[PDB]
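Engineer: Quick one: the structure is below, questions incoming.
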Amino acid sequence: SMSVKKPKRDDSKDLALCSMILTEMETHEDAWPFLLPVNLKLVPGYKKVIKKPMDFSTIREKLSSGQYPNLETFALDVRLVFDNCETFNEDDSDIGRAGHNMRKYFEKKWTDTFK
Ligand SMILES: Oc1ccc2c(c1)N[C@H](O)CC2
């Protein structure tokens, strides 16, 4: 509260660390469904069903232009990619499995890096 400050983690390297994690996700062999925004004009249902589209190239642009105020807002966008994937794809599909794999991959990096 006012004039009562909690000690806080050193956040000075967060930008660099999130960038490294994003690079690792961009180069994962199962990243192909998530590299670019889904084409809302060509993919039936996607625009109406998925209220907040997100993809790695959009996350990269936001990270490169100071649009994440902290590391948690970055993690929210990453998770959103995988949440959107689950909404739109059966678990037993190539893209469905890709999303599950990439989520698992991300969360271990996240834990190992910041926890
Ligand atoms: O067969 C298809 C064709 C296009 C897409 C998907 C499956 N799922 C992705 O989540 C997004 C776009």
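In the structure tokens, each chain is lettered A, B, ... as it comes, each chain's residues begin at 1, and ligands are numbered from 1 in order of appearance.
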To check your reading of the model: which residues sit at most 10 Å from ligand 1 when counting only C-alpha atoms and all ligand atoms? Write the answer as a PyMOL selection string.
Structural biologist: chain A and resi 33-34+36-40+42-46+50+53+81-90+93-96+98-99
Engineer: Emit the selected residues as an mmCIF file, in the first residue's frame, including C-alpha atoms.
Structural biologist:
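Output file again.cif is given in full below:
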```cif
data_model
loop_
_atom_site.group_PDB
_atom_site.id
_atom_site.type_symbol
_atom_site.label_atom_id
_atom_site.label_comp_id
_atom_site.auth_asym_id
_atom_site.auth_seq_id
_atom_site.Cartn_x
_atom_site.Cartn_y
_atom_site.Cartn_z
ATOM 1 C CA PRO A 33 -0.152 -23.591 -37.793
ATOM 2 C CA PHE A 34 0.701 -20.569 -35.611
ATOM 3 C CA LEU A 36 0.988 -16.223 -39.336
ATOM 4 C CA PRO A 37 -2.501 -14.846 -38.682
ATOM 5 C CA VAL A 38 -5.326 -17.116 -39.843
ATOM 6 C CA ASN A 39 -6.834 -15.784 -43.076
ATOM 7 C CA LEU A 40 -10.258 -14.596 -41.923
ATOM 8 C CA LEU A 42 -10.593 -17.732 -46.533
ATOM 9 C CA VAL A 43 -11.232 -19.900 -43.453
ATOM 10 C CA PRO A 44 -14.918 -20.654 -42.758
ATOM 11 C CA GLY A 45 -16.125 -19.929 -39.226
ATOM 12 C CA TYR A 46 -12.867 -18.528 -37.870
ATOM 13 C CA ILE A 50 -12.522 -16.882 -32.524
ATOM 14 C CA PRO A 53 -7.136 -14.170 -33.038
ATOM 15 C CA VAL A 81 -2.821 -18.881 -29.482
ATOM 16 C CA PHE A 82 -3.224 -22.325 -27.945
ATOM 17 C CA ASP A 83 -6.636 -21.635 -26.446
ATOM 18 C CA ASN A 84 -7.874 -20.535 -29.895
ATOM 19 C CA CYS A 85 -6.408 -23.717 -31.361
ATOM 20 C CA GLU A 86 -8.350 -25.887 -28.914
ATOM 21 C CA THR A 87 -11.584 -24.030 -29.615
ATOM 22 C CA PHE A 88 -11.333 -24.522 -33.369
ATOM 23 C CA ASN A 89 -9.662 -27.943 -33.685
ATOM 24 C CA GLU A 90 -10.383 -31.497 -32.527
ATOM 25 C CA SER A 93 -6.184 -33.669 -35.604
ATOM 26 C CA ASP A 94 -2.740 -32.572 -36.790
ATOM 27 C CA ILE A 95 -3.290 -28.951 -35.751
ATOM 28 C CA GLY A 96 -4.971 -29.993 -32.497
ATOM 29 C CA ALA A 98 0.365 -29.304 -32.654
ATOM 30 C CA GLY A 99 -1.313 -26.875 -30.275
#
```
Engineer: I want to know what sits within 12 Å of segment 8-16 of chain A, based on only C-alpha atoms, with residues of the same chain fewer than 4 positions away left out; could you give that as number ranges by chain?
Structural biologist: A: 20-23, 60, 62-75, 110, 113-115
Engineer: Any chance you could export the current selection's N, CA and C atoms as a tab-separated table (two decimals), in the first residue's frame?
Structural biologist:
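Writing the result to out.tsv gives the following:
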```
chain	number	residue	atom	x	y	z
A	20	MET	N	13.77	-14.73	-26.52
A	20	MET	CA	14.41	-16.03	-26.71
A	20	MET	C	13.37	-17.15	-26.71
A	21	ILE	N	12.42	-17.09	-25.78
A	21	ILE	CA	11.37	-18.11	-25.73
A	21	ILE	C	10.55	-18.09	-27.02
A	22	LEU	N	10.23	-16.90	-27.51
A	22	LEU	CA	9.44	-16.78	-28.73
A	22	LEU	C	10.20	-17.34	-29.93
A	23	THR	N	11.51	-17.08	-30.00
A	23	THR	CA	12.34	-17.65	-31.05
A	23	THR	C	12.29	-19.18	-31.03
A	60	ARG	N	5.36	-11.40	-32.00
A	60	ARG	CA	6.70	-10.87	-32.29
A	60	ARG	C	6.66	-9.36	-32.59
A	62	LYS	N	4.39	-7.18	-31.56
A	62	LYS	CA	4.04	-6.50	-30.32
A	62	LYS	C	5.24	-6.44	-29.36
A	63	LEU	N	6.00	-7.53	-29.29
A	63	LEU	CA	7.19	-7.57	-28.43
A	63	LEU	C	8.27	-6.61	-28.94
A	64	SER	N	8.40	-6.48	-30.26
A	64	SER	CA	9.39	-5.60	-30.87
A	64	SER	C	9.02	-4.12	-30.83
A	65	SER	N	7.77	-3.80	-30.48
A	65	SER	CA	7.30	-2.42	-30.52
A	65	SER	C	6.76	-1.93	-29.17
A	66	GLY	N	7.13	-2.61	-28.08
A	66	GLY	CA	6.83	-2.12	-26.74
A	66	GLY	C	5.36	-2.21	-26.36
A	67	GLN	N	4.66	-3.19	-26.92
A	67	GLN	CA	3.23	-3.31	-26.66
A	67	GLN	C	2.88	-4.30	-25.54
A	68	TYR	N	3.88	-4.94	-24.94
A	68	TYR	CA	3.65	-5.72	-23.73
A	68	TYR	C	4.19	-4.98	-22.51
A	69	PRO	N	3.28	-4.56	-21.62
A	69	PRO	CA	3.76	-3.81	-20.46
A	69	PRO	C	4.53	-4.68	-19.48
A	70	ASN	N	4.32	-5.99	-19.50
A	70	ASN	CA	5.06	-6.89	-18.60
A	70	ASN	C	5.06	-8.32	-19.12
A	71	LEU	N	5.79	-9.22	-18.46
A	71	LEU	CA	5.92	-10.56	-19.02
A	71	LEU	C	4.60	-11.33	-18.96
A	72	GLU	N	3.72	-11.00	-18.01
A	72	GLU	CA	2.46	-11.73	-17.92
A	72	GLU	C	1.53	-11.44	-19.10
A	73	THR	N	1.55	-10.20	-19.60
A	73	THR	CA	0.74	-9.87	-20.77
A	73	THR	C	1.26	-10.61	-22.00
A	74	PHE	N	2.58	-10.85	-22.05
A	74	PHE	CA	3.17	-11.66	-23.12
A	74	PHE	C	2.67	-13.10	-23.03
A	75	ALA	N	2.74	-13.68	-21.83
A	75	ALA	CA	2.28	-15.06	-21.65
A	75	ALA	C	0.80	-15.24	-22.00
A	110	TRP	N	8.63	-21.45	-19.89
A	110	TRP	CA	8.17	-20.38	-19.01
A	110	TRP	C	8.57	-20.63	-17.56
A	113	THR	N	12.41	-20.64	-17.02
A	113	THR	CA	13.00	-19.32	-17.21
A	113	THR	C	12.67	-18.35	-16.08
A	114	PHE	N	11.43	-18.38	-15.60
A	114	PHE	CA	10.96	-17.36	-14.67
A	114	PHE	C	10.54	-17.89	-13.29
A	115	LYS	N	10.46	-19.20	-13.14
A	115	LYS	CA	10.08	-19.78	-11.85
A	115	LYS	C	11.20	-20.64	-11.27
```
Engineer: Residues of chain A classed as helix (DSSP H, G or I) by DSSP on the backbone are to be reported as a PyMOL selection string.
Structural biologist: chain A and resi 14-26+29-34+46-49+56-64+71-88+94-114
Engineer: With distances taken over only C-alpha atoms, which of A:92, A:77, A:55, A:29 is nearest to residue 105 of chain A?
Structural biologist: A:29
Engineer: For residue 106 of chain A, which of A:52, A:79, A:6, A:47 is the closest residue, counting only C-alpha atoms?
Structural biologist: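 Going through A:52, A:79, A:6, A:47 one by one, the smallest distance to residue 106 of chain A is for A:79.
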